[PDB]
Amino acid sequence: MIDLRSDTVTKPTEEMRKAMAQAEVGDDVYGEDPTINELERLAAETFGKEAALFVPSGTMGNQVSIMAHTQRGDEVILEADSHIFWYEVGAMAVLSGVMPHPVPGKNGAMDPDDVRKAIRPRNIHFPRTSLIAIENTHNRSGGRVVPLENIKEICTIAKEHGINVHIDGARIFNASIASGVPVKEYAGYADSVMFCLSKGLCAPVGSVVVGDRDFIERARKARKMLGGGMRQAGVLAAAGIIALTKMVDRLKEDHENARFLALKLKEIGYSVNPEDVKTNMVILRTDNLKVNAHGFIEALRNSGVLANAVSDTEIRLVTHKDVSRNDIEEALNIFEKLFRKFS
C-alpha cells in the first residue's frame, strides 16, 4: 500500500540488508562489538561531540539523557507540545523522578523570555531546574523547523544558569536539510542530542545520543538499567552506519514530495496549507468533508492509502524513502477520486 502514516515505516535498503548479513559483531556489554563502536565513533564525529551511545529507540535516547542530566526532584523545561511530554508514556516521572515544566512555543520555538522565566529560583519549595529540552523539526506542529537563533538564545540562558540543554533531534537531519544549518552547528548549542536512525534515515532499529564523555558514561549506565544493553547489536549498527552516512542527502526528496503532495491536494480542494509544509509532513483538515478524519482514513485505506488521524478533524501525511514520486502521483489520483465522493 502507499504508507503516508509516518517515516517510521521506512524499510531497509538493499545496501543495509547486505551489511547486516556480513556485519562483524561482538558483545556490546563488554564494549566488544566493532560495528556498534564504529557507529558511535561516526555519530560523535558527525555531531562534533566527544562520545556517543546507540539505543534501541528515540524514547530510550531521550530518557537516558534525562536520567544522565538530572537528579530526583529536578524540573525539566520543555515545549508544551513536545514528544517527551506527550508521547513518552510519562517516563520522565517514573524513570528520573523529575517534573516537566511545559512552556508554550510557536511551532516548537519557546520564547527565550518564557524559558528564562520558567527557571526556578533557589528556594526550599521549588524543584531545581536542571535541564531544558528543545525538539528540532517539532513533530506536533507539523514538522516545523526551530530557528537556529532560538536555540542559540536558549543556550545562552542555560549557560548563565548552569542548566543542561538537550536537543530532541529525532528529525534533526530534516531540520538541517530544510534550514541549511549543519547538524554540528545545532549540536554546538547543546550538551546532548538524540537523533533517530529509524525514521527518515531508514535503519530498522535505533537512535543515537551524543554528548560529553562523562554524560555518555552516565547515559550508558542508565541504558543498562532500562534494558537497552544488547549483545551482538552490530547487526543493527551496520544498517545504522549506512543510514547516518548515506541516507541524509536524499531527505531533500521527501521534503520535495511533501510539498508537491500538499500543492496538489490544495488544488483538488482539500483543506491543506502548502505554505506550512517545511519538511516531510502535511496536515490535512477534514472540516469540509462528509466524514470526519477517522471515517476518511478508512476510505483512504480501502483505496490503497494509509494515513493516521491525529484528531477528529485532522490527518497527518508523512513522506519518506518508501514513498516515491510515482507513489505520490498515485496517491493524488486516489485523493482526487475520494474528493468527488466525500466533499
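In case it trips you up, residue 1 is the first one in the sequence shown, and so on.
### Query
In the PDB record, does 149-157 or 248-256 carry the higher mean Cα temperature factor?
Stretch with the greater average CA B-factor: 149-157.
### Message
Please compare 91-99 with 267-275 and say which has the higher mean C-alpha temperature factor in the record.
### Response
Comparing averages over the C-alpha atoms only gives 267-275.
### Message
Quiz for you: based on the deposited Cα B-factor, which of 226, 196, 163, 233 is highest?
### Response
Max CA B-factor in the entry, restricted to 226, 196, 163, 233: 163.
### Query
Taking the Cα B-factors listed in the entry, which of 105, 169, 204, 211 comes out highest?
Of 105, 169, 204, 211, 105 has the highest C-alpha B-factor.
### Task
Select lowest, middle or highest to describe the third in which the CA B-factor of residue 184 falls within its chain in this entry.
Highest third.
### Chain-relative CA temperature factor third for residue 9
Lowest third.
### Query
Comparing residue 319 with the other modelled residues of its chain, is its CA B-factor in the lowest, middle or highest third?
Tercile = lowest for this residue's CA B-factor.
### Task
For residue 57, return the chain-relative third of its C-alpha B-factor as stated in the PDB record: lowest, middle or highest.
Residue 57: CA B-factor falls in the lowest third of its chain.
### Query
Going by the entry, which third of its chain does the Cα temperature factor of residue 294 land in?
Answer is lowest: the recorded C-alpha B-factor places it there.
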